[PDB]
Amino acid sequence: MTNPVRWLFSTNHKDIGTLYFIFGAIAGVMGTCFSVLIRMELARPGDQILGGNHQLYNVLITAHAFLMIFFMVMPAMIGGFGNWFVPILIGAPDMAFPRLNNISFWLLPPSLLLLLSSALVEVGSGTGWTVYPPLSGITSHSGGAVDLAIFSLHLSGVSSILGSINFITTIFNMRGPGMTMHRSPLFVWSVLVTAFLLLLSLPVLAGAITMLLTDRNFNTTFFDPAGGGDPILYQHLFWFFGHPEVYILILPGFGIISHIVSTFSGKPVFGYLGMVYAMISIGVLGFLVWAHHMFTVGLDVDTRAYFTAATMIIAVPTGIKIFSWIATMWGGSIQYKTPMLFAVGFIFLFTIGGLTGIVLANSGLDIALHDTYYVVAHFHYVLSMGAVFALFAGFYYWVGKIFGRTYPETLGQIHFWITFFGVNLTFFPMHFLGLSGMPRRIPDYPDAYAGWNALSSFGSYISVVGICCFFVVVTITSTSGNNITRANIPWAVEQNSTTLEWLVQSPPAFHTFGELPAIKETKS
Amino acid sequence: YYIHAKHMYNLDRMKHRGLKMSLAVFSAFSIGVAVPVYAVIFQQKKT
Amino acid sequence: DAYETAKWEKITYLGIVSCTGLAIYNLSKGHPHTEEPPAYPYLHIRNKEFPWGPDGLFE
Amino acid sequence: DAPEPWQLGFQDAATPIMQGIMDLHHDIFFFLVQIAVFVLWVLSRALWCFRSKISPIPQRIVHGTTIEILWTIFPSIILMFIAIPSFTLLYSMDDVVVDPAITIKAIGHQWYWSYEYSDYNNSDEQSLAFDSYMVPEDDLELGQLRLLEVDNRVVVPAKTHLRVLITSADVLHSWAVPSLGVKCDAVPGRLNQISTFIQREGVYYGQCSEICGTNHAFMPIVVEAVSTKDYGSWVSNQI
Amino acid sequence: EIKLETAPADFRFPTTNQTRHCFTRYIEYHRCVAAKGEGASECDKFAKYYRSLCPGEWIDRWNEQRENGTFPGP
Amino acid sequence: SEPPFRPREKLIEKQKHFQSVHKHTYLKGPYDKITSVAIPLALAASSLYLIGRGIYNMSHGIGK
Amino acid sequence: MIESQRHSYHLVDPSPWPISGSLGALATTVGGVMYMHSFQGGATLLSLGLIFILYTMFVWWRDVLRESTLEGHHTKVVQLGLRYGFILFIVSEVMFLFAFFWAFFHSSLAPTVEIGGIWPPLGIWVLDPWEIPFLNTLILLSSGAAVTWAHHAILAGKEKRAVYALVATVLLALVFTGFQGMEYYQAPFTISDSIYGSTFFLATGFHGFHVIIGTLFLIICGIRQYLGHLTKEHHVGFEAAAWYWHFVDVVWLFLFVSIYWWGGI
Amino acid sequence: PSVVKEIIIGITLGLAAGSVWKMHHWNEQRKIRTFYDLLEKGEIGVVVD
Amino acid sequence: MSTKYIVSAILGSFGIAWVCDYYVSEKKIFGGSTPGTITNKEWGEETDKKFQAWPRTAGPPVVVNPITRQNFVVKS
Ligand code: HEA
Ligand code: HEA
Ligand SMILES: [Cu+2]
Ligand SMILES: [Mg+2]
């Protein structure tokens, strides 16, 4: 009974972080199973394993997208790493508003159950990741699957709003003594900025899908063509959510990568104020462009010109950040452990994804490339590579800390290499097919495109091997009979650390602080 | 209880910890790769 | 200290007096409805019948 | 014009729009391959010359000046250079100085298209209207493609202007033929205008690019560009 | 022998809403039919224009609505 | 200056009572025994059963 | 004691109200779907989940009040943090109603060809924007003035007139919701009408729901002030109520202006 | 280690790669231009028979 | 140290992925089908000979991909 109290009831931001990590792992495995099913269906032209029922294929793509874009990265960046390492790192006791922390995390699993039951009811939700109105209308679906999915989005959105309020008030109020705002590390800063984006944008998505719900069931005419109310309204609202949504899946990745590079280069982050201001500007300019996702729908020329300019301007600060990271490796005394491997892979593959994004940002190029696998390659590199590789880097770097044990090194490097090779083979032919011109979200393709989709299908199985290796790593870590040392790892042994969280204990005791840190603050 | 413990987890103590963690991770993987397959199996079991 | 409380007390009392007068004005109006409009296509649509189908809520 | 096995890059062009698209993508790719190779080179040289066995001393520099402003400014002029052509393409593609010569409505029904070259009829009821169904698997001759061949294709005179009014009747759709470089959305309420002008004869294939219900990707589009005399003969024969 | 001509490029609508172009042409033709009626030349001009522009389903639905007396707009 | 309609020593007695027990926050008081072990518990049990039955019926398309 | 804890922040003790509230939310959502589509268990499940959420929210606020009033765990810093959190919540609600206003405006600046290219659609008898809606604005304005009067009652050390001001405000808010109900019943057009009726009713309904929740917040603060739980120096519940009510009044002002004045023009 | 030398050599390699790609693009553009030039004023037609 | 192990494991991973691919899409241990357009093995033949002269509804046969295939008629 004491263990169920300690888990289902306790506030204890560290324990909520552990629960978030477990949920993130489960959701990730579910999403990868959906991805493998998609790849199995698309391996060869014709009906491969679905044997018809392209409706089920559309359901599969929708469920995969939701599972990994809402239940894998967000519960791992914000809930996973945020909950744990915001108050420990900032130098504070247990987080502000602990009950909000607990309610957000325990809201998530019912949202998962809603999403699966939406994929399971009478026929399914074959409407894509971005639920568009007329297809999700009651004339064309009439199931209830879309209702269940919309409520899933409501629960996830409410949970993330609660978490965002938690993090904003904690950073603004719950800091230590003497610690000015410009001494909180970049992980804390990225979590602050991403929490502001999550607080401001997400309610618009809630309004848009509430409006879709009352269009379906309670028989309004917001997105019914007869009576005004064009679907362009829903496109505008959902994407005004959508782009702040995608500059949230990567900002905690940026923070973690900055920390990893800083701790591996023997030197702190070059151009600290540059990093901070660039990240704030990315947050701000994530809002001023939202229709660069709908160039081919019929906006006038001036809006297209403006959104082109806005996407270029949002491209600049990421360049400042990447060049700053390259600079803060010019010092020396690097050491190629697995977190450094994954940070380096993050930087390289995110560079590739960002350049493709620039290619896509123009108007005419988006006219030619809208809804083709060029876009799929763009956001699979960016999102998958960036977010997931930052996730793995953080996971190694701080499983040095959570459980108290340490992974075996050869298996860590083996997993990095397997996953890198597989997931970089399986997504570049997407670029080539998108240039050729195949439309996105199709179960069958003309015979011409069958050349590469056999090769890309060869890439998913390598990534499955990589994930299985990763779980072998996690189990051998949780049963490794050899605790944290100096020969194994040189991080936690530091008697002097740039970040506060390495000089505490193997796991934090229960309050993470017998007594709060101080700051000398000279010039008496 | 272990609020007043030197380590929040103190994972070493439990009974050999090996079978327990192995089953834990394997059941996590089973729940991760069972429901997604089961949804497709049920949909084909339907019309 | 208390002058502010007195002043907002006075203006809230003024507000409720004016509001009660205006309520007396608005009530006692018969409110006779005009004729129903011709059934334009965009009026009285039924995409999916209500659970309490035949007539909308509040009717 | 048609998709090719093991193909790299765009298909062939039959529209000044598509020429502009190819040129713009090539300029963008030139600038961005420069960017990517430079970044990869600097990252590699930073990782390799400081690899824990040459420089075991961190060297401790944290504040930088007159180089931060340099990588803030130089990407800006790079963006200016790669946004000079895009704006020119937009504002030279929008203008339609010439009058369109025909008008081809393309109503995007649920899982099949329809067309009406309505500008030939003396009455109000429209003549020359048909449906564009995908040919099933067993209804093919030995040559045609799979799920991309259509009954009663779109016919269009070549080397003369067009104006296609995309719209839908059931749900969202998109008229998308890549060889012409034409992609636009048919939203059930609006009537989007596309002005195109083919330059050579032959057939061009394309598909739907938007999630319609279940037979998505089985809702293809075929446009023939034929000589004006033959187009006249065909229309007079179809009336 | 065929005509090979259609509606011109109107200065008022440089955007991509020939939905407005459709409605405008329809209203002008019916303003003809109401006021002039015997301006057969100019009003056949307007008729040819909206026939070229408006899709058949829209034209038929609007004609039936106009007969029924439930045609929104002028 | 007027205390609001209570002696304010009843509140002090209640403060003494609450600070003079050795339990968690949500179990203090005799009211909370009944409340926070019977009402939410049975209520959540019934909610869980109805949720399960509803998901089952919706998935199987029975009991319209 | 603080001298052993060494920091003035708040450390709460475990409570199952997070998980219980989440279960209530799942009950409410599945009941909502099962009532939206005709099913046997729909209405009862939806009602049960809704009362579950109400109950968990009640015990949660009861627990917070119990801690902070009798245990005395609130120090100055957590007192400030509560204000921070509630301002953030108000910002979120502002963005939500902004999304709704955007829906209205995008549907009403350039009306489509299919409602005549005009606004309001022909055959929708717009309310005179001056008979009932003006009275509702006056009622909410007087309610805001009364809330300010209550705040200056609490601050000035006069802790008796605070209940008088709060009860006056609750009466005005009830009058407002009654007149909104009368407007709904006497509406010359329903929700299933054109985009005009649809957006009007959705926006106005959510505004009225926010009025209900703000009113009940004010009722809670009134009961607390009658019981003596609030003091001149240490009161956050009342400050939250005042800010929320000012939010509701401002949203109503924007709503009245845009919809009732412009839409009828 | 010389920072300016490394940045100079990086810019030079970037320009070399861009020049190679631009030569490719120029050859492709010339092919398209000569094809259409002939298609108007040359033996080349497009219909087989 | 471990480059032997890492490279060996990468090659083993490629082997396992190949085996799974061969069982799941070449022999279909999970039920499925193959198009009639690929098993005939003479369809591509006619597809290429038809890129030489693609049939048309109104007019003589006409070519496709004229540039990227360098196939086109002469003076006539
Ligand atoms: C989180 C984002 C994310 C991720 C990671 C992935 C991962 C993958 N995706 Fe997904 N995908 C999307 C988001 C994502 N996808 C979105 C948004 C769409 C759009 C849907 C639509 O357009 O409607 C899409 C669509 C999409 C399609 C097109 C569907 C269609 O066109 O019909 C395809 C095609 O194969 C595809 C393939 C893959 C593959 C092979 C992977 C592989 O990379 C599998 C992932 C591999 C991993 C390495 C990640 C798993 C990691 C773990 C499980 C460990 C977790 C660790 C802890 C948390 C501790 N994706
Ligand atoms: C995951 C987060 C993420 C990130 C970081 C980005 C990055 C960018 N994206 Fe991405 N995008 C998505 C998420 C993301 N995107 C998603 C999910 C989709 C699919 C949506 C859908 O299904 O419809 C999509 C698709 C998408 C589209 C097409 C949508 C459609 O037409 O189909 C566009 C075009 O406007 C676009 C724009 C951009 C731009 C301009 C950037 C830029 O910010 C990229 C910036 C990065 C750099 C450019 C690299 C670093 C810069 C340098 C090293 C300096 C040198 C560079 C210059 C010279 C400036 N994105
Ligand atoms: Cu975007
Ligand atoms: Mg599109």
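For the range G:50-125, restrict the atom set to alpha-carbon positions and state the Rg and Dmax in Å.
22.5, 65
I need the peptides E:60-68, A:134-142 ranked by packing, meaning the mean over residues of other C-beta atoms within 10 angstrom, with the highest value on top. Working shown, then result.
Numbers: E:60-68: 13.6, A:134-142: 20.6.
So the peptides E:60-68, A:134-142, ranked by packing, come out A:134-142, E:60-68.
If I take every Cα pair under 8 Å that is 6 or more residues apart in chain E, average their sequence separation and divide by the length, what percent do I get for the relative contact order?
Values: 34 pairs, mean separation 25.8, N = 74.
Answer for chain E is 35 percent.
Go through D:52-61, A:497-506 and give me the packing order, highest mean Cβ count within 10 Å leading.
In descending order of packing, they fall as A:497-506, D:52-61.
Between 0 and 90 degrees, rounded to the nearest ten: what's the tilt of helix I:43-52 against the longest Cα principal axis of chain I?
Tilt of helix I:43-52: around 40 degrees.
Using a 10 Å cut-off on Cβ to Cβ distances, tally the other chain neighbours for every residue of A:499-510 and report the average as a whole number.
Working: counts 0, 0, 0, 0, 0, 0, 3, 6, 7, 3, 7, 8.
Mean partner shielding for this stretch: 3.
Helix A:54-70 against the longest principal axis of chain A: what's the angle in degrees, Cα atoms only, rounded to the nearest 10?
The angle comes out near 20 degrees.
Throw me the Rg/Rh for the range D:105-186, computed over C-alpha atoms with Kirkwood Rh, two decimals.
Working: Rg = 14.1 Å, Rh = 14.4 Å.
Here the Rg-to-Rh quotient is 0.98.
Quick one: putting +1 on the C-beta of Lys and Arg, -1 on the C-beta of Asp and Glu, what dipole do you get for chain E around its Cα centre, in Debye to the nearest 20? All intermediate terms of the calculation are to be shown ahead of the outcome.
Details: 11 positive and 11 negative charges, 50 e Å.
That gives a dipole near 240 debye.
Below 8 Å between Cα atoms, with a sequence gap of 6+, how large is the relative contact order for chain G in percent?
Once normalised by length, the contact order is 19 percent.
Along its three principal axes, how long is the range D:96-239 when you only count alpha carbons? Whole Å, largest extent first please.
So the three principal-axis extents are 39, 38, 30 Å.
Select from G:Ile223, G:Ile195, G:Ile118 the residue whose mean-square fluctuation is largest in a Gaussian network model of chain G (Cα-Cα springs shorter than 10 Å).
Per the Cα network of chain G with a 10 Å cutoff, G:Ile118 tops the list.
Give the average, rounded to an integer, of partner chain Cβ atoms located within 10 angstrom of each Cβ in G:197-203.
Details: counts 5, 13, 6, 0, 4, 8, 0.
Counting Cβ atoms of other protein chains within 10 Å of each residue's Cβ and averaging gives 5.
Once both axes come from the Cα atoms, what is the angle between helix G:237-255 and the longest principal axis of chain G, in degrees from 0 to 90, rounded to 10?
On a 0 to 90 degree scale, this one is about 10.
Using DSSP to define loop residues, name the chymotrypsin sites (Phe, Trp or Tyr not before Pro) in the range G:232-265 whose beta-carbon has at most 15 other beta-carbon atoms within 10 Å.
Working: sites: G:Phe238, G:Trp243, G:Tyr244, G:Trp245, G:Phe247, G:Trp252, G:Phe254, G:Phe256, G:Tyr260, G:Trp261, G:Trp262; in loops: none.
The qualifying sites: there are none.
Quick one: which of G:41-48, D:163-170 comes out on top by average Cβ neighbours within 10 Å, and what's the full order, highest first? Working shown, then result.
Working: G:41-48: 18.6, D:163-170: 23.8.
In decreasing order of mean packing, G:41-48, D:163-170 become D:163-170, G:41-48.
So if the hydrodynamic radius of the range D:1-127 is defined as the Kirkwood radius over C-alpha pairs, what does Stokes-Einstein give as its diffusion coefficient at 25 °C and 0.890 mPa s, in µm² per second?
Details: Rh = 21.2 Å.
The calculation lands on 116 µm²/s.
Which FRET efficiency value, to the nearest 0.05, do you get for B:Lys15 and A:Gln505 by plugging their Cβ-Cβ distance into 1/(1 + (r/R0)^6) with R0 = 30 Å?
Working: r = 24 Å, r/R0 = 0.81.
Computed FRET efficiency for B:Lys15 and A:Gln505 comes out at 0.80.
Over the Cα atoms of chain E, what is the Rg over Rh ratio if Rh follows Kirkwood? It would help to have the intermediate numbers written out before the result.
Details: Rg = 12.9 Å, Rh = 13.2 Å.
Using Cα coordinates only, the ratio equals 0.98.
What does the range A:1-479 give for Rg and for Dmax, in Å, if only its C-alpha atoms count?
Cα only, the range A:1-479: 22.0, 67 Å (Rg, Dmax).
Across every pair of different alpha-carbon atoms, what Kirkwood hydrodynamic radius in Å does chain G reach? Could you put the intermediate results ahead of the total?
Working: mean 1/r = 0.0471 Å⁻¹.
This gives a value of 21.2 Å.
Over the range A:1-479, what is the mean sequence separation of C-alpha contacts under 8 Å (at least six apart), divided by residue count, expressed as relative contact order in percent?
Values: 673 pairs, mean separation 70.1, N = 479.
Relative contact order comes out at 15 percent.
Applying 1/(1 + (r/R0)^6) with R0 = 25 Å to the Cβ-Cβ distance of G:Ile220 and F:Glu2, what FRET efficiency is obtained, to the nearest 0.05?
Details: r = 22 Å, r/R0 = 0.86.
With a Förster radius of 25 Å, E is 0.70.
In deg cm²/dmol and to the nearest 500, what is the mean residue ellipticity at 222 nm of chain I if only DSSP H runs of at least 4 residues count, each as -39500 (n - 2.57), divided by the residue total?
Taken over chain I, the calculation gives -14000 deg cm²/dmol.
I'd like the distance between the alpha-carbon centres of the range A:228-298 and the range D:50-92, rounded to an integer number of Å.
First find each Cα centre; the distance between them is then 19 Å.
Any idea what the dipole of the range A:1-479 comes to, in debye rounded to 20, about its Cα centre with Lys/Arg Cβ at +1 and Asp/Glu Cβ at -1?
Details: 16 positive and 17 negative charges, 318 e Å.
So the magnitude is around 1520 debye.
Give the average, rounded to an integer, of partner chain Cβ atoms located within 10 angstrom of each Cβ in E:58-64. Working shown, then result.
Values: counts 7, 4, 3, 3, 2, 1, 0.
Across E:58-64, the average partner-chain Cβ count within 10 Å equals 3.
Would you mind checking the radius of gyration and Dmax of the range A:40-91 based on alpha-carbon positions, in Å?
According to the Cα coordinates of the range A:40-91, Rg and Dmax are 18.4, 58 Å.
When a/c is below 1.5 the answer is rounded, else prolate if a/b is larger than b/c, else oblate, so apply that to chain I with a ≥ b ≥ c taken from the square roots of the Cα gyration tensor eigenvalues.
Details: a/c = 6.10, a/b = 2.19, b/c = 2.79.
Here chain I falls in the oblate category.
Classify the range A:237-295 as rounded, prolate or oblate from the Cα gyration tensor: take a ≥ b ≥ c as the square roots of its eigenvalues, call it rounded if a/c is under 1.5, otherwise prolate when a/b beats b/c and oblate if not. Mind showing how you got there, number by number?
Numbers: a/c = 4.23, a/b = 2.49, b/c = 1.70.
In terms of gyration-tensor shape, prolate.
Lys and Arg at +1, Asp and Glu at -1: add these up for the other residues within a Cβ distance under 11 Å of G:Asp63 and post the number.
0
For a label point 7 Å from the Cα of D:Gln110 along Cα→C-beta, name the residues of the range A:137-160 whose backbone N is under 20 Å from it.
A:137-148
Which net charge results for the neighbourhood of D:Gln126, defined as the other residues with beta-carbon distances under 13 angstrom from its beta-carbon, given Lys and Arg at +1 and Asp and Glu at -1?
Details: positive: D:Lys105, E:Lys48, E:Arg51; negative: D:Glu116, D:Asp119, D:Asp124, D:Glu125, E:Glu57, E:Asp60.
Taking every other residue near D:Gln126 into account, the sum is -3.
Given a Förster radius of 30 Å and the C-beta distance between G:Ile212 and A:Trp129 as r, what FRET efficiency does 1/(1 + (r/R0)^6) yield to the nearest 0.05?
Values: r = 35 Å, r/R0 = 1.17.
For G:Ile212 and A:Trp129, the calculated efficiency is 0.30.
Any idea how far the Cα center of the range A:107-161 sits from the one of the range A:338-353, in Å?
Taking the Cα centre of the range A:338-353 as reference, the centre of the range A:107-161 is 34 Å away.
Which of the GluC sites (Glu not before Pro) across the range G:177-265 are loop residues per DSSP, with 12 or fewer other Cβ within 10 Å? Write out the running numbers ahead of the final one.
Numbers: sites: G:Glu183, G:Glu233, G:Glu239; in loops: G:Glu233.
Counting only loop positions with at most 12 other Cβ atoms within 10 Å, the GluC sites (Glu not before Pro) in the range G:177-265 are G:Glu233.
Testing the spin-label approximation: label points 7 Å from Cα along Cα→Cβ at A:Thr485 and F:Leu11. State their distance in nm.
Computed distance between label sites A:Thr485 and F:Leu11 equals 6.2 nm.
Would you give the gap between the C-alpha center of the range A:415-467 and the C-alpha center of the range G:136-186, rounded to a whole Å?
About 63 Å separates the Cα centre of the range A:415-467 from the one of the range G:136-186.
State, to one decimal in nm², a quarter of the convex hull surface area for the C-alpha atoms of the protein assembly as shown, i.e. the direction-averaged projected area. Write out the running numbers ahead of the final one.
Working: hull surface 230.9 nm².
If I average the Cα hull's projected area over directions, I get 57.7 nm².
Please compute the net charge surrounding G:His210, taking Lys and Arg as +1 and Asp and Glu as -1 over other residues with Cβ under 12 Å from its Cβ. Walk me through the intermediate numbers first.
Numbers: positive: none; negative: G:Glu93, G:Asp249.
Neighbour charge sum, excluding G:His210 itself: -2.
Would you mind working out the magnitude of the charge dipole of the protein assembly as shown relative to its Cα centre, with +1 at each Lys and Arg C-beta and -1 at each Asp and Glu C-beta, to the nearest 20 Debye? Don't skip to the answer; put the middle values down first.
Working: 90 positive and 98 negative charges, 1224 e Å.
Dipole about the Cα centre, nearest 20: 5880 debye.
For chain B, just say rounded, prolate or oblate: build the C-alpha gyration tensor, square-root its eigenvalues into a ≥ b ≥ c, call rounded for a/c under 1.5, and beyond that prolate if a/b exceeds b/c, oblate if not. Intermediate values should be presented prior to the final figure.
Values: a/c = 6.35, a/b = 3.21, b/c = 1.98.
It is prolate, given that a/c is not under 1.5 and a/b is the larger ratio.
Cβ sites come from the backbone with ideal geometry, for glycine too, and all protein chains shown count toward neighbours. Each reported figure results from applying straightforward, stated rules to the coordinates on display, with no laboratory input.
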